[PDB]
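Q: Show me the folded form of this:
(chains A and B)
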Amino acid sequence: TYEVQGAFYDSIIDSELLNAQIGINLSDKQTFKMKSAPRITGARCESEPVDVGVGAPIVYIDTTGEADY
Amino acid sequence: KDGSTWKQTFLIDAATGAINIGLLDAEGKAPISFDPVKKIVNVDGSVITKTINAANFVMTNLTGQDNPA
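A: Numbering: from 1, shown residues only, chains lettered A, B, ... in the order given. You can find the structure just below:
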């Protein structure tokens, strides 16, 4: 999680003064939660036995992420 | 007659009413095969008929990666 606060600094503001953040008059802070990358909980593969022919392979894999896609 | 050897084209066994039709594959897979013992008619390829009457159209994934439908 991070907190965001910033503002515009004009030509008057100096690098040292900007670091001091004295005259900047920054914006109020705001807190947001940073999402989590996907991970795979387990890897597996199972298929149905068949009397005639061959069982089609399939992969079952369980994730734990929160990505949109 | 292929060179100095002879390749089977079709066979009709006496003990079993099995009739293999077609030149044999390098691995020995006959194109069309029959078996009254198992009461099955085995044809690799396609079958064209005006109509078909049956009691169970059980689609099968005959090949490793086929899509029955």
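
Q: what's the helix or strand containing residue A:62 packed up against?
A: Assigned by DSSP states H and E, residue A:62 falls within strand A:60-63. The contact analysis (3 or more C-beta pairs under 8 Å, 6 or more residues apart in numbering or on different chains; DSSP states H and E) places strand A:60-63 against strand A:40-44. For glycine as for every other residue, the C-beta is placed from the backbone atoms N, C-alpha and C.

Q: for the strand holding residue A:62, the distance to its chain's centre please.
A: Strand A:60-63 has its C-alpha centroid displaced from the chain centroid by 20 Å (C-alpha atoms, centre = their mean, to the nearest Å).

Q: partners of that strand in the sheet?
A: Strands that pair with strand A:60-63, judged by DSSP bridges, come out as strand A:40-44 (antiparallel).

Q: now the strand it pairs with: how far from the chain's centre is it?
A: 21 Å.

Q: returning to that earlier point: which parts of the strand holding residue A:62 are buried?
A: By neighbour count with 16 or more other C-beta atoms under 10 Å in any protein chain shown, strand A:60-63 contains no buried residues.

Q: Can you tell me what sits against it?
A: With contact meaning C-beta atoms under 8 Å, 6 or more residues apart in numbering or on different chains, strand A:60-63 is reached by A:38, A:39, A:40, A:41, A:42, A:43, A:44, A:45, A:46.

Q: Show me which pair in those is furthest apart.
A: Spatially, the most separated pair among the contacts of strand A:60-63 is A:38 and A:46, at 22.4 Å (C-beta to C-beta).

Q: ok so, going back, would you turn the contacts of strand A:60-63 into a markdown table with distance to residue B:59?
A: Formatted as a markdown table, the contacts of strand A:60-63 follow (distance: C-beta to C-beta, whole Å):
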| residue | distance to residue B:59 |
| --- | --- |
| A:38 | 36 |
| A:39 | 38 |
| A:40 | 33 |
| A:41 | 34 |
| A:42 | 31 |
| A:43 | 30 |
| A:44 | 26 |
| A:45 | 22 |
| A:46 | 21 |
